[PDB]
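> Sharing the initial chains of the complex here, in place:
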Amino acid sequence: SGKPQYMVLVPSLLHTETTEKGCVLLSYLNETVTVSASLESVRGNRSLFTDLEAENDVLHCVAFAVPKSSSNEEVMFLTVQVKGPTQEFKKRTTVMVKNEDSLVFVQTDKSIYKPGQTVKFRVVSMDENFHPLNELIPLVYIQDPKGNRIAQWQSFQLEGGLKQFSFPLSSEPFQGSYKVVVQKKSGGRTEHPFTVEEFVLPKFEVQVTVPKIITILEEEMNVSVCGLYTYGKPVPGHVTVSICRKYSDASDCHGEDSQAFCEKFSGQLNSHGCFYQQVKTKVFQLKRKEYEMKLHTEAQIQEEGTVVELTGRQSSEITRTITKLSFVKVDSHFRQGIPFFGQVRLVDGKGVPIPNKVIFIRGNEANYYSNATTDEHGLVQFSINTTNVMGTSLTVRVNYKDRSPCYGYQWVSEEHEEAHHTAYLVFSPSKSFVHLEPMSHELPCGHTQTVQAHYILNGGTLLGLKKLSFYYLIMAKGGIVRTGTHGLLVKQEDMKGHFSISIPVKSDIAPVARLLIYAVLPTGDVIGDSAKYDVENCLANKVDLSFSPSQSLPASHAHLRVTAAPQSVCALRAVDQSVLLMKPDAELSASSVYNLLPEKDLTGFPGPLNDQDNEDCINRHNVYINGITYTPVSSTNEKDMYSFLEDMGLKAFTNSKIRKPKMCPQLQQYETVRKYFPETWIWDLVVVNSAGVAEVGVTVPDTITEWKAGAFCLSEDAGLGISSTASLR
Amino acid sequence: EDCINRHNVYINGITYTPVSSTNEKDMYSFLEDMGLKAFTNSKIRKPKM
């Protein structure tokens, strides 16, 4: 009636002495089973033995934990044993232990700084999860590039899983980027740098603009240039540019000046609004062997005469290809019981595909060709008919393919982008599989999302019964996040595809969700595949600030009302934005900490184990051959079942087949940026009342610009917290 | 003799190579190494290449 299938879902990744979900599959009932995953040592003392009461048709996942290891990493062999009363089976795989750490980072006002000041910085620690973590440290120190520690503290402990600091500064350091150092008890190194320079602020504010990406056909170059040396005085005078076609063709012995052109669309500087300029690309002869351009502006000053020149935007953009299209949501892998959606769009300079440009959908080897055209957004969506072999490789054009060069030099050259794709199949010995469409688009949080996926069942069901089972599963941070299950209705012969599913979006998942579902069968074949989904940045504890409103200067008395979970600790870096405008937070965001996270996923193969040996081989089963002919031994490159276990990112131990090409050994063979005041306005720490604290802000008058906070909050009552943006005028 | 370009080439398993039975010691090879022909409903005759 039912042949048993067992499968124990075992992320070989071990986050230590922490809850990490693991689980099992069993169905099609049989006598008795109480299996045990034992990571026995050479002796059997380092056994990570977890024997557990088991049954059929159930999902009930224990997140047991493990004490510390001897090494930081150590491969140990894992023979889960099939504790049946009359059947016992093993298979040894290395386990990817790791004495992994709790995670940390650093906060500073800036990286560049001013000489002679005191830097102010803070330090943080949390865990795998995004909750705080109070804990000591070995040490900390700032280091200078000369191999030496300019600042240091020793083995403090955190009040709330963080600490704030400062450090003075000499006015005579080495002008260079300096850095800070901490080591965990393991030796866990984090790094957050900081430079200093009292470079002279250039008086002038000469600013140029120009189009970047050019093509084989243009008409206009709408170039805006304006110099307000103080940001608020565009001088009444003249301006002249030097813009020039340039670039000897990779030749330097020419002994001359390689300017192909030099035009000066000079003009009278107007204080109204700004000077602007609008130059044409025709006189520049925007031709193929009309060579690269360079841009350099003569910004002359009135009643001073100390004229400035600036080479900005100068390095032109040799657009070797013209009419550049791409893919959009092209299914990286496809299937055979469905005509399926790839997608492609187009961009060109400004990023404007011609409306209703019709295309040449060269999706072949099924020779399903059927033209289409661009939607509003360049895009296009399309199924393609399916009775062919595993390999399929597709492409689409508006132009047509030419492989027609006359002579192998072709210094003469031209190109148009083509979105060609190669694809491979899925298994289906089990005679049922799904195609889970991707959600590779917008993803708001604090919701759920019914997924769209379409099962088949080849040959209907050979027997099946009234009801089989299907389960949908997601890994997270080395542990499964949730347990998804379902069943379908009764039918003995059909090809249906209207399956139901959903999952709630909050948090608690890698930046992706390798969601996986599979086709549990009574006949020892199970077919699935992962399904990777975006995880857009959203936090446990949201929060927002608000200030005593932005008004005239002198009013020192202000506020900064901030309102979050009832209890927390909080950074309060109320600062000037223009210094952050100067150098954006290329190294700070909520998304940052999501990705400053290391080891979000790690397929278990990684470095330590090159592979896993298993029992069968390809030469085996030397019994009668095909009746029609002789079928030798060979295989397919298509995406596979055993690998869907590693596409999940884990291993397992099973009787349902993964029988495919292992091997036989020896068969028969035997730039410069503007700056204003670096003055860091506010920097402090507070704790929220239950109702949302508000701190009287102190105006820094007599300095008007864009203003902003670098604040941040934290607690275990709701995890960390950030209102990632609220500026001030 | 066969006048057949091909039969069911495309198959899940390995594509059979020969239209008719060809081997070093096949069945009709016994009739050939005899040197005699025959006319039969069982599987004997072939063209060579």
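Looks like it arrived, so ask away. Residues are numbered from 1 along each chain as shown, chains lettered A, B, ... in the order given.
> And for the residue of the stretch 601-729 of chain A found nearest chain B, nearest residue in space, chain neighbours not counted?
Closest residue of the stretch 601-729 of chain A to chain B, C-beta to the nearest C-beta: residue A:629 (3.3 Å). (Each C-beta comes from the backbone N, C-alpha and C, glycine too.) Spatial nearest neighbour of residue A:629, excluding adjacent residues (C-beta to C-beta, 6 or more residues apart in numbering or on different chains): residue B:16 at 3.3 Å.
> rewinding a little: just give the number of residues close to the residue of the stretch 601-729 of chain A closest to chain B.
By the criterion of other C-beta atoms under 10 Å in any protein chain shown, residue A:629 has 14 neighbours.
> State the distance from the residue of chain A positioned farthest from its centre to chain B.
In chain A, the residue that sits farthest from the middle, by C-alpha atoms, centre = their mean, is residue A:303; the gap is 53.6 Å. Residue A:303 is 86 Å from chain B, where distance means C-beta to the nearest C-beta, to the nearest Å.
> Next, count neighbours for residue A:632.
11.
> tell me which element residue A:630 is part of?
Residue A:630 belongs to no helix or strand when assigned by DSSP states H and E.
> so what's the most centrally placed residue in chain A up against?
Nearest to the geometric centre of chain A sits residue A:511, at 6.6 Å (C-alpha atoms, centre = their mean). Going by C-beta atoms under 8 Å, 6 or more residues apart in numbering or on different chains, residue A:511 touches A:534-535, A:594-595, A:600.
> Any of these buried? List them.
A:535, A:594 (16 or more other C-beta atoms under 10 Å in any protein chain shown).
> Could you dump the contacts of residue A:511 into TSV and include secondary structure?
Shown next, in TSV, are the contacts of residue A:511 (DSSP: H, G, I helix; E, B strand; the rest coil):
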residue	secondary structure
A:534	strand
A:535	coil
A:594	helix
A:595	helix
A:600	coil
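> From the contacts of residue A:511, pick the one nearest chain B.
For the contacts of residue A:511, the residue nearest chain B by C-beta to the nearest C-beta is residue A:534; the value is 36.9 Å.
> The closest one pairs with what?
Residue A:534 forms beta bridges with residue A:512, as assigned by DSSP bridges.
> wait, isn't it in contact with residue A:440?
Yes: here residue A:534 reaches residue A:440: they are 6.5 Å apart, a contact under C-beta atoms under 8 Å.
> give me the number of residues near the closest residue to chain B within the stretch 351-500 of chain A?
Using C-beta to the nearest C-beta, the closest approach of the stretch 351-500 of chain A to chain B is made by residue A:389 at 7.7 Å. Residues lying near residue A:389 (other C-beta under 10 Å) number 13.
> for the one 3 residues further on, same thing?
Other residues within reach of residue A:392 by the criterion other C-beta under 10 Å amount to 20.
> before we move on, what about the one 3 residues further on?
Counted by other C-beta under 10 Å, the residues lying close to residue A:395 total 16.
> List the contacts of it.
A:362-364, A:418-421.
> element containing residue A:192, please.
Going by DSSP H and E, residue A:192 is part of strand A:189-195.
> For the helix or strand following that strand, which strands pair with it and how are they oriented?
Remark: after strand A:189-195, the chain's next helix or strand is strand A:206-207, criterion DSSP H and E. Sheet pairing for strand A:206-207, assigned by DSSP bridges, gives strand A:226-227 (antiparallel).
> And the strands in the stretch 601-729 of chain A, which stretches?
With strands called from DSSP state E, counting those that start in this stretch, the stretch 601-729 of chain A shows them at A:684-687, A:694-695, A:707-709, A:712-714, A:720-721, A:727-728.
> put chain C onto that model:
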Amino acid sequence: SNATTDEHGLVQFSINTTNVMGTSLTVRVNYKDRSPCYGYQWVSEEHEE
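Chain C added:
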């Protein structure tokens, strides 16, 4: 399965086949050349197998 020449008898041997059509046998199957460096690549050491 090694054997030996009888004074009155030659080798009378069987091998148990459990595989596909492609087969081939030999004896004195230890080396074809006693010495591969033989000399100046000018005269090949050949003994019957």
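> let's see the neighbour count of residue A:632 again after adding chain C.
12.
> meant to ask about residue A:337, not that
Other residues near residue A:337 number 20, with proximity taken as other C-beta under 10 Å.
> was I right about it contacting residue A:428?
Yes: using C-beta under 8 Å, residue A:337 is in contact with residue A:428, at 7.5 Å.
> Would you mind listing the residues touching both of these two?
Residues within reach of residue A:337 and of residue A:428 at once, by C-beta under 8 Å, 6+ apart, are residue A:458.
> circling back to that earlier point, quick one: contacts of the strand holding residue A:192?
A:104-108, A:110-113, A:119, A:121, A:175-183, A:587.
> cool, stretch A:360-373 as well?
Taking C-beta under 8 Å, 6+ apart as the rule, stretch A:360-373 contacts A:339, A:342, A:356-359, A:380, A:382, A:384-389, A:391-400.
> Only whichever of these are buried, select them in PyMOL.
Restricted to buried positions by 16+ other C-beta under 10 Å, the PyMOL selection for the contacts of stretch A:360-373 reads:
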select buried, chain A and resi 342+359+380+382+384+388+392+394+395+396+397+398
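> in stretch A:42-61, what's buried?
For stretch A:42-61, by 16+ other C-beta under 10 Å, it's A:46, A:48, A:50, A:52, A:54.
> who's in contact with the second one?
Read that as residue A:48. Contact analysis of residue A:48 by C-beta under 8 Å, 6+ apart lists A:37-39, A:66, A:76, A:78, A:95.
> go again using 10 Å as the cut-off
For residue A:48, the contact set (C-beta atoms under 10 Å, 6 or more residues apart in numbering or on different chains) comprises A:14, A:37-41, A:64, A:66-67, A:76, A:78, A:95, A:97.
> before we move on, what about residue A:614?
A:91-93, A:642, A:658-660, A:662.
> Determine which two of those are furthest apart.
The span of those, defined through C-beta to C-beta, is set by A:92 and A:660 at 19.5 Å.
> okay, now residue A:138: neighbour count?
By other C-beta under 10 Å, 13 other residues sit near residue A:138.
> And the one 10 residues further on, by the same measure?
Applying other C-beta under 10 Å, we find 9 other residues in the vicinity of residue A:148.
> Equivalent analysis for the one 4 residues further on, please.
For residue A:152, the tally of surrounding residues (other C-beta under 10 Å) stands at 13.
> my read: it touches residue A:140, true?
Yes: contact criterion C-beta atoms under 10 Å: residue A:152 and residue A:140 qualify, at 6.8 Å.
> Find residues that contact each of these two.
Joint contacts of residue A:152 and residue A:140 (C-beta under 10 Å, 6+ apart) are A:180-181.
> Can you show me the CA trace of the strand holding residue A:192 as CSV?
Provided in CSV are the C-alpha atoms of strand A:189-195 (Å, rounded to 0.1, in the frame of the first residue of the first chain):
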residue,chain,number,x,y,z
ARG,A,189,37.6,41.8,14.0
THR,A,190,35.4,44.7,13.0
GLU,A,191,36.6,47.8,11.3
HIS,A,192,35.2,51.3,10.8
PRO,A,193,37.6,53.9,9.4
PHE,A,194,38.2,57.7,9.7
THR,A,195,40.3,60.2,7.8
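> need the residues of chain A near chain C, please.
A:622-623, A:625, A:630, A:632, A:668 (C-beta under 10 Å from any C-beta of the partner chain).
> 8 Å instead, please
When proximity is defined by C-beta under 8 Å from any C-beta of the partner chain, chain A lies next to chain C at A:622, A:625, A:630.
> contacting residues around residue A:664?
Contacts of residue A:664 (C-beta under 8 Å, 6+ apart): A:617-620.
> Recalculate using a threshold of 10 Å.
Counting by C-beta under 10 Å, 6+ apart, residue A:664 touches A:616-620, A:633.
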